[PDB]
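Report on the following structure.
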Amino acid sequence: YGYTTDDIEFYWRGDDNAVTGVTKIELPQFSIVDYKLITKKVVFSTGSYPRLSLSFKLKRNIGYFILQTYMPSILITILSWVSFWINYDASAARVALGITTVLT
Amino acid sequence: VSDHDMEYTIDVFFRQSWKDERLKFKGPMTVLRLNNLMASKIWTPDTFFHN
Amino acid sequence: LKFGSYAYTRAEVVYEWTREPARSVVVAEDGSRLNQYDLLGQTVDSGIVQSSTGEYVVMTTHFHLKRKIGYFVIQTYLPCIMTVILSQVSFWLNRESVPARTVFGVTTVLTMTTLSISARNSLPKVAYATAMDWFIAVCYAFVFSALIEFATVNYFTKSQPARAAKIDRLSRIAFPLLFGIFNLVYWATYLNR
Amino acid sequence: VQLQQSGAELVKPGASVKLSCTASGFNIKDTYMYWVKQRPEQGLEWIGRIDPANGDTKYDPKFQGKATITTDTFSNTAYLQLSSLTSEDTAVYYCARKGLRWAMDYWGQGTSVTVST
Amino acid sequence: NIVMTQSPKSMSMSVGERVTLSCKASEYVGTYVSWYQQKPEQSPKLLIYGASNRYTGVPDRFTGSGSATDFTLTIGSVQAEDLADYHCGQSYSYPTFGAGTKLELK
Amino acid sequence: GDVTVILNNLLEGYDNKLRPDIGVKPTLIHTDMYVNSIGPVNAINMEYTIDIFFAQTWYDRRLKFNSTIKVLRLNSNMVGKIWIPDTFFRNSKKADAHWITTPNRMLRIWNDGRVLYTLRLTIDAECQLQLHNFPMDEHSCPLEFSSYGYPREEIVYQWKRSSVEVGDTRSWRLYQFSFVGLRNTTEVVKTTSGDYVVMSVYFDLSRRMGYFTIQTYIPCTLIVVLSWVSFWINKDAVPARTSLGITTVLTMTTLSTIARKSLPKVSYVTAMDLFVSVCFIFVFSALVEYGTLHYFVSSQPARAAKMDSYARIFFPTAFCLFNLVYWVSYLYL
Amino acid sequence: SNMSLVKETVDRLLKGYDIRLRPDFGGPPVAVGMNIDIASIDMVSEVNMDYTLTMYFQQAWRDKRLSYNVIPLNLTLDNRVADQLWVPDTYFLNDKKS
Ligand SMILES: *[C@@H]1O[C@H](CO)[C@@H](O[C@@H]2O[C@H](CO)[C@@H](O[C@@H]3O[C@H](CO[C@H]4O[C@H](CO[C@H]5O[C@H](CO)[C@@H](O)[C@H](O)[C@@H]5O[C@H]5O[C@H](CO)[C@@H](O)[C@H](O)[C@@H]5O)[C@@H](O)[C@H](O[C@H]5O[C@H](CO)[C@@H](O)[C@H](O)[C@@H]5O)[C@@H]4O)[C@@H](O)[C@H](O[C@H]4O[C@H](CO)[C@@H](O)[C@H](O)[C@@H]4O[C@H]4O[C@H](CO)[C@@H](O)[C@H](O)[C@@H]4O[C@H]4O[C@H](CO)[C@@H](O)[C@H](O)[C@@H]4O)[C@@H]3O)[C@H](O)[C@H]2NC(C)=O)[C@H](O)[C@H]1NC(C)=O
Ligand SMILES: *[C@@H]1O[C@H](CO)[C@@H](O[C@@H]2O[C@H](CO)[C@@H](O[C@H]3O[C@H](CO)[C@@H](O)[C@H](O)[C@@H]3O)[C@H](O)[C@H]2NC(C)=O)[C@H](O)[C@H]1NC(C)=O
Ligand SMILES: *[C@@H]1O[C@H](CO)[C@@H](O[C@@H]2O[C@H](CO)[C@@H](O)[C@H](O)[C@H]2NC(C)=O)[C@H](O)[C@H]1NC(C)=O
Ligand SMILES: C=C(C)[C@@H]1[C@H]2OC(=O)[C@@H]1[C@]1(O)C[C@H]3O[C@]34C(=O)O[C@H]2[C@]14C
Ligand SMILES: *[C@@H]1O[C@H](CO)[C@@H](O)[C@H](O)[C@H]1NC(C)=O
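Protein chains in written order, with the deposited numbering: chain L, 157 to 260; chain W, 53 to 103; chain B, 155 to 347; chain F, 2 to 118; chain E, 1 to 106; chain D, 25 to 357; chain Y, 7 to 104.
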């Protein structure tokens with residue numbers, strides 16, 4: 157914060173192994189794909205400051221979203237198709253099925 | 053009373069009184085109604101709530 | 155509300171109430187933020203606990219609370235009773251309107267499920283059965299019994315009309331009788347408890 | 002440590018009596034002081050108590066208005082004054098102090114009031 | 001006014017045998033029941049302060065047992081100086097004593 | 025008095041920045057715990073609460089006094105004036121001591137220099153719960169601690185013969201779980217700063233199916249048995265059977281999301297979303313079976329006549345075998 | 007003894023130490039090396055647009071004023087001495103509560 161790039165200097169101790177414990181992280185909804193260490197300098201109206209940036213590329217899993225969200229929608233669409241096998245006489249049945257699939 | 057946490061809340065004036073023979077005085081006043089920063093310079097009991 | 159001394163055993167610091175024990179913990183009159191309970195009184199005590207570091211004086215105070223049923227009546231017990239009555243009113247419809255009574259039974263089941271869901275979210279997540287759980291279970295049983303009775307009446311139609319008529323007239327009066335008996339027994343055992 | 006009471010009194014029914022209890026070995030402003038009565042061959046009866054550090058007094062409902070308990074801190078003494086004594090309160094009057102678990106650990110020596118002619 | 005009922009009102013007993021005295025409270029008295037001993041024409045002596053705590057100078061044969069309302073006083077090897085009265089008194093509220101129990105020798 | 029003289033003589037020329045035997049040997053610290061309660065074990069944030077009285081004891085040859093009193097029993101006033109180890113809990117998300125009404129800490133110094141330091145803590149420790157076999161699962165997830173700055177060559181920890189003591193275990197906030205036992209462990213962990221002696225306490229928990237039962241297992245089976253009753257309706261009343269089936273799919277859909285909220289958004293299948301998935305497919309299967317029945321009654325009645333008589337015996341038996349295989353396979357684990 | 011030497015070393019290091027000035031206050035910049043040992047990543051929230059992570063964050067630099075040669079071991083000091091030494095004013099630009 158206070159010290160500019162001509163007062164302090166940042167770097168990673170090891171430059172590739174300075175950040176550990178990323179391969180052991182178990183996120184319940186994501187999965188760490190890659191991580192990067194970057195060294196640069198930023199310029200603000202008060203001076204130039206050194207900056208390090210630790211970034212983790214996360215990828216969202218799909219195993220939860222399929223069973224909880226995509227299968228209900230697909231089954232509601234199939235169960236809406238099911239009224240075509242109902243004859244054109246029973247109007248109440250096909251109407252109720254279609255509207256209740258809309259309701260689902 | 054928070055049933056979901058099995059707990060309750062209670063707002064109290066918690067009063068303690070003991071006798072300390074090192075804090076005897078003799079002045080025009082018979083009771084010194086002092087500040088809340090004098091109680092940190094003297095001994096006070098270390099009461100804690102078990103639950 | 156147990157309090158005692160940390161770091162000072164019984165041979166160093168002892169506690170006692172400054173006035174009579176019945177008059178030491180004093181709750182104010184307007185001092186009640188309770189919405190669901192009813193403060194009945196207080197109860198103090200004093201004792202000694204044996205820890206790994208010595209014996210310690212512990213002053214105990216019990217506040218006695220009684221839960222008020224007025225919320226849960228309107229929340230759960232009145233909708234469940236009205237939903238079972240809505241299930242039992244199906245017994246008066248004629249046997250020739252099968253979508254009518256089926257929609258009665260199945261939508262009553264839907265109502266009982268949404269009631270049980272909304273009522274389960276009120277109570278904390280305990281791992282046993284409460285009185286409201288038993289009430290919802292018996293009401294669900296009555297609703298399901300009404301729907302299965304309709305299924306029996308409908309299945310026995312077009313083969314033996316007299317048997318279906320007899321069991322729908324008998325089950326038109328057996329369901330309110332059993333529900334009233336269950337209500338009487340349940341409220342008697344859980345209001346005098 | 003020690004409580005000292007006065008001697009027996011023989012008064013006429015309708016007058017007033019004043020009993021004293023002098024404490025030796027402690028300051029009476031630290032505890033409560035109790036007055037108890039005991040009739041011949043019967044159980045104890047609590048008259049009242051006084052908080053000498055404050056002056057607050059409480060009495061038994063069967064003694065409210067009759068007895069009055071006062072204290073003098075400078076000499077460590079507790080006083081009990083009975084106003085209008087009838088022909089039945091010929092008992093022994095004990096002076097006690099509160100103890101550890103609100104018990105009366107130290108008692109006096111007894112003061113036997115007697116009403117006759 | 002919490003009423004303490006002591007039982008029995010009068011009892012007889014021999015030497016060297018266990019004895020149990022009982023005190024029952026009308027309302028709740030937590031552990032603030034005390035047991036006093038009174039010889040004739042003497043001041044009462046505190047035996048058991050609180051439920052199950054012996055006073056300084058009391059032999060190890062007296063022991064108290066407490067509850068919310070029911071309290072007991074038990075003496076073990078009873079000697080020849082226990083020919084006296086025993087009172088139970090509550091201290092949860094303004095103090096009330098029991099009726100008394102006269103131990104006797106026979 | 026004399027205790028003030030002792031305390032003032034102990035703190036003269038004392039440096040609380042240096043551990044005892046700073047260049048001689050590691051300090052041996054004996055640790056004890058007393059679990060007041062193990063709080064709610066919520067799986068959403070993958071954590072659990074615990075309240076303990078953490079006690080440490082070690083030897084400090086500078087706090088050695090000669091007197092006729094054997095032990096100095098002190099408040100938390102002198103905790104910040106002598107050396108205190110930098111114990112920290114490695115798997116804690118949040119942890120706080122207690123400060124009401126005064127800092128709940130205790131210091132006791134003995135005649136030979138043995139210091140005992142106890143404090144009350146409430147920890148929100150983290151343990152990744154492998155939520156397979158849920159809710160018929162058992163976990164054993166730890167509370168670990170070690171020194172923060174002092175490696176194995178400077179501070180060594182060691183349990184006592186009475187290390188971890190639980191209280192009554194019934195006044196604890198374990199709703200969905202049940203304490204079954206514990207075990208202690210010591211290890212050495214490699215860190216960028218050095219080797220640290222880490223001590224672990226594993227609490228073994230088993231989930232009691234008393235809430236998930238009446239929340240999901242009873243209502244889903246009730247909804248499946250409800251969907252079954254459509255076979256007893258005559259195959260001519262088309263709106264009746266369609267309404268029953270579709271209303272049953274509605275209630276099953278509503279019930280699915282409510283149960284799933286309990287646990288976090290894990291990406292694998294548990295034994296409870298598998299159950300509701302099998303129930304939803306079963307209701308769906310009943311409805312599509314009636315669909316094929318209504319389609320086939322016009323084409324050939326010889327095949328559509330015995331369809332309901334087949335379904336009335338095929339659906340309950342298949343469901344009971346599914347229940348048998350599921351409950352046996354998930355209660356054997 | 008050996009503890010006395012360490013005591014006098016630490017007392018000499020902190021004697022006349024200006025916490026206002028960084029190492030080489032007029033000379034070249036000080037180089038600080040970073041290590042992060044990530045203990046956990048707690049909750050990646052999409053509604054709050056944030057993530058929580060626990061880390062062991064270590065900084066290494068060289069201050070010639072805290073140099074000693076009379077004892078052959080490294081000195082781990084009680085953490086309260088970090089308020090008597092110069093430590094860099096590292097901050098996180100994208101944090102919301104630390
Ligand atoms: C960013 O800035 C943040 C805010 O500024 C900052 O957070 C602050 O951290 C500092 C340091 O960690 C805290 O300061 C310390 O707090 C300790 C207790 O912390 C708990 O309680 C505080 C509130 O503190 C009050 O109560 C305690 C205990 O009663 C007192 O000790 C405090 O002085 C203070 O007392 C007053 O206020 C009370 C009401 O609150 C009144 O009732 C009372 O009358 C007083 O007026 C809470 O805020 C804390 O919560 C937060 O922090 C915790 C940390 O665990 C978090 O987990 C949580 O999430 C919260 O964020 C927490 O609950 C104090 O014990 C401590 O006091 C001593 O240490 C300091 C430092 O060494 C000494 O200078 C000081 O002299 C004290 O030492 C004496 O007593 C100790 C007792 O252990 C002895 O060991 C020692 O030898 C010494 O003894 C001598 O003096 C005694 C009298 O003082 C005397 O009796 C003895 O005889 C002897 O002579 C210190 O104050 C501060 O509270 C935090 N502030 C807040 C609001 O969070 C953060 O660190 C900064 N971050 C960074 C990275 O920079
Ligand atoms: C996540 O997003 C980050 C920011 O968008 C991104 O960082 C970018 O990373 C590249 C290399 O990975 C850096 O660099 C390049 O620029 C330097 C400048 O001197 C050149 O010397 C190199 O040859 C190369 O062209 C960017 O500077 C950097 N951007 C910022 C704003 O810092 C990450 O790569 C992204 N992915 C992951 C997995 O973290
Ligand atoms: C907790 O830790 C203690 C010490 O490590 C263990 O106590 C040892 O128990 C074994 C028998 O299994 C004895 O032979 C050792 O002598 C004991 N050591 C000491 C010094 O106590 C104890 O078993 C551990 N308890 C667990 C594993 O829960
Ligand atoms: C099948 C029917 C008759 C309709 C359809 O939707 C309706 O509104 C009608 C109703 O009878 C009542 C309502 O519960 C229903 C539902 O949502 O599905 C069906 C049920 C049962
Ligand atoms: C001090 O630390 C450095 C680097 O961490 C190491 O090389 C050195 O051996 C250590 N000193 C001792 C005495 O172990």
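For each residue, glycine too, the CB sits at the ideal point set by N, CA and C.
Residues are counted here when their Cβ sits less than 7 Å from a Cβ of chain W; for the stretch 197-210 of chain B the count is zero.
Listed by position along the chain, the residues with Cβ atoms less than 7 Å from a non-hydrogen atom of ligand 4 are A248(L), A252(L), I255(L), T256(L), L259(L), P253(B), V257(B), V260(B), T261(B), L264(B), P263(D), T266(D), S267(D), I270(D), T271(D), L274(D). Listed along chain F, no residue sits closer than 8 Å to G57(E) by beta-carbon distance, the nearest being about 10 Å off. When DSSP states are grouped into helix, strand and coil, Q68(W) belongs to the coil group. Between the beta-carbon of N208(D) and that of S187(D) there is about 5 Å, and that keeps the pair under the 8 Å contact cut.
In this structure the stretch 195-209 of chain D does not touch the stretch 224-244 of chain B; the number of beta carbon pairs closer than 8 Å is below three. In the three-state reduction of the DSSP assignment, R221(B) falls in the strand class. Here the stretch 168-186 of chain B does not lie against the stretch 78-90 of chain E, with fewer than 3 beta-carbon pairs under 8 Å apart. For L274(D), the C-beta contacts it makes with chain B under 8 Å involve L264, in order along the chain. The beta-carbon of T31(E) is placed less than 8 Å from the nearest beta-carbon of chain B. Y226(L) counts as exposed, since fewer than 16 other beta carbons sit within 10 angstroms of its beta carbon.
For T78(F) against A9(F), the beta-carbon gap comes to about 18 Å, at or over 8 Å, which does not count as contact. Taking C-beta atoms as the reference points, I25(Y) and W67(Y) fail to come closer than 8 Å.
With contacts defined as CB atoms closer than 8 Å, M4(E) and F97(E) qualify as a contacting pair. The beta carbon of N80(Y) sits closer than 7 Å to at least one heavy atom of ligand 5. In this chain, the beta strand (DSSP E) harbouring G158(B) covers 157-159.
Straight-line measurement puts the Cα of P243(D) at about 8 Å from the Cα of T267(B).
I337(D) counts as exposed, since fewer than 16 other C-beta atoms from the protein chains shown sit within 10 angstroms of its C-beta. As far as DSSP is concerned, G30(E) takes part in no beta bridge. Under the three-state reduction of DSSP output, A121(D) falls in the strand class. By a beta-carbon distance limit of 8 Å, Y35(F) does not contact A92(F). Their separation comes to about 15 Å. With respect to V16(Y), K41(D) sits close: the two C-beta atoms are nearer than 8 Å. With the criterion set as a beta carbon lying under 7 Å from some beta carbon of chain L, the members of the stretch 20-40 of chain Y are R28, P35, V36, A37, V38, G39, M40, in sequence order. Note that the C-beta distance between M213(B) and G158(B) is below 8 Å.
Across the stretch 306-336 of chain D, CB contacts with chain L closer than 8 Å involve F308, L311, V312, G315, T316, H318, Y319, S322, in sequence order along the chain. Judged by beta-carbon spacing, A273(B) lies beyond the 8 Å limit of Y199(D), meaning their Cβ atoms are not closer than that value.
For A283(B), the closest Cβ of chain D is nearer than 8 Å. Separation of the CB atoms of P228(L) and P288(D) is rounded to 19 Å, and the pair is thereby denied contact status at 8 Å. Listed along the chain, the chain W residues whose CB falls inside 9 Å of the CB of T126(D) are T96, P97, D98, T99, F100. Nearest to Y107(F) by C-alpha distance, out of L20(F), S17(F), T32(F), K19(F), is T32(F). For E303(B), the uninterrupted alpha helix (DSSP H) run begins and ends at 285-309, by DSSP. Judged by their CB atoms, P29(Y) and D89(Y) are not nearer to each other than the 8 Å cut-off.
Contact between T81(D) and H122(D) does not hold, since the beta-carbon distance rounds to 20 Å and is not under 8 Å.
The set of residues with any CB-heavy atom separation to ligand 3 below 5 Å comprises, in chain order, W183(D), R185(D), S187(D), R207(D), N208(D). Within the stretch 44-65 of chain F, contact with chain E at the beta-carbon level (separation under 8 Å) is assigned to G44, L45, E46, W47, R50, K59, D61, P62. Between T260(L) and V263(B), the alpha-carbon positions lie close to 17 Å from each other.
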